[PDB]
Structures are given as structure tokens and as C-alpha cells.
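Chain residues, written in single-letter form:
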Amino acid sequence: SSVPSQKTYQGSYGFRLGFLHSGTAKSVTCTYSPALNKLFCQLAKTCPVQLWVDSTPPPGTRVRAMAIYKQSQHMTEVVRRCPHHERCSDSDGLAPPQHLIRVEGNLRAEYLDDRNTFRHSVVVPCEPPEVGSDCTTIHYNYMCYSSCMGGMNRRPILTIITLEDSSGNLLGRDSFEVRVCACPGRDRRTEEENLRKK
Ligand SMILES: [Zn+2]
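The deposited coordinates derive from X-ray crystallography, with the record listing a resolution of 1.320 Å.

Listed below in C-alpha cells is the structure:
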């Protein structure tokens, strides 16, 4: 399959992501490394991702998430749940069981199987921050481990977040690597130390 762009693009509205500072304790379930631009999270646990803009986008703007393989030798392969997890009957009533990325707690989430690339994505309406908040947060879930045999099978992935108009045209783009693993805090510490030693 052709490869969706991963180029960072703030666009007219100054679109970019933000992440909490969750630390690296052994018990943490989701933690983001700015040094690696990499999110580490446990299977099916809440991943808060912030959306920031410098100016207000139009009504009907949407926010799409899609996963691709990071390594060039795998980027053309569709990222999907493994043969076990696609059959484990953990449906939330909305997400197709094949989709790796879900949006949690948003009844307006829509799930796309692209008729040409076969790639999966989940899209929600863009919403302004709640009163008293400075940004909007989407809660994502990743529904397979990076290690799942027959699926990601240890290959690193990226999540691409696109801000879109009501037709699906590009308004902004950002991205981050993801590792879905049992101990995100330890793995973040290990990978950050590996980077320093490099
Ligand atoms: Zn799996």
C-alpha cells in the first residue's frame, strides 16, 4: 500500500499535539518521551493526547488518527490487530475488531477502512476546549502489543494525527512513535538511556 505522509505541518491554525508528563514509575500505564518523540503505553489503556491550535478552525473540522510501520521495509504493510486480538470479542460497539487504534468515550467517532489503501483510521469532530481548559484532549487506546505475533510482531509503529476539513482535506499534521508494552515506564527509561549512550 502507498504510504500516508508523516510530515509535520502546523498549517493555517498552528496545529500540534501535546502530551502529559506522566513519569517513568514502574506502575505508569502511559508515558510520553519528548526525547524520542515516542509514546509508551499498556494494552488497551487510556492514552491522553492533547490538541493545540493558535487560532480557531471552522465548524466541521475533524481529527483523524492512523498507524503506519516506521521502518521503510515495512511501511507499505497495513497496521492491524493480530490474529488473536481481532477475534477476542472486546468490541466497544463502534470500533471494528481489526482496528489497532480506538477513540475512547466519543460516540461521534467514525472508523474508516480505506477502500483503496485498506488502511484503518479513526476520526472524531474537532471540539474546542472545555470551559476553563487550554486545550482539547482525545483519549486513544491501542488494542495490540507491539510484540503480538502475526501482527505488529515487534515492528515499531507511528501514529499520524491529521487535522482535516469537512471534506477530508489536510489542515495540519503531527505524529509520534508508539510502543505498546507491559512496562512503559521501564521501557521509556531503557530507550532514553540507549539514546544517551548513542
Ligand atoms: Zn494482538
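Following the structure, the description resumes.
*Asks:* Please provide a residue-by-residue account of the UniProt feature "binding site: Zn(2+)" in the protein chain, values included.
*Replies:* When the UniProt feature table is mapped onto this chain numbering, "binding site: Zn(2+)" sits at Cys82, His85, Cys144 and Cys148. A maximum C-alpha distance of 8.8 Å among these annotated residues, which run over 67 residues, shows that they cluster at one spot. Looking at where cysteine 82 falls in the secondary structure, it is placed in the loop between strand 5 (62-69) and strand 6 (101-103). With residues near it in sequence (within four places) discarded, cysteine 82 still touches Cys144, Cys148, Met149, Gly150 and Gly151. Among the structural elements, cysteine 144 can be located in the loop between strand 9 (136-142) and strand 10 (157-164). According to the relative accessible area criterion, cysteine 144 is buried, its value standing at 2%.

*Asks:* Give me the lowdown on the nonpolar core, citing residues and values where you can.
*Replies:* Of all hydrophobic cores here, the largest spans 38 residues; its most connected members are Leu39, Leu100, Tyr140, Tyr142 and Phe176. Apart from residues no more than four positions distant in its own chain, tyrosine 142 is found in contact with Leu39, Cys41, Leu43, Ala44, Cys47, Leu100, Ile101, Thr159, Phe176, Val178 and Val180.

Analysis parameters
Residues numbered from 1 in each chain as written, not as in the entry; some residues may be left out. Heavy atoms only, no water. Residues with missing side-chain atoms left out of burial classes, pairs and counts. UniProt positions renumbered as here; feature names shortened; annotations may be inferred. Helix = DSSP H or I, 4+ residues; strand = E, 2+ residues; numbered from the N terminus. Contact = heavy atoms within 4.5 Å. Buried < 20%, exposed > 50% of the residue type's maximum accessible area, 1.4 Å probe, protein only. Core = buried A, V, L, I, M, F, W, Y, C linked by side-chain atoms within 4.5 Å.

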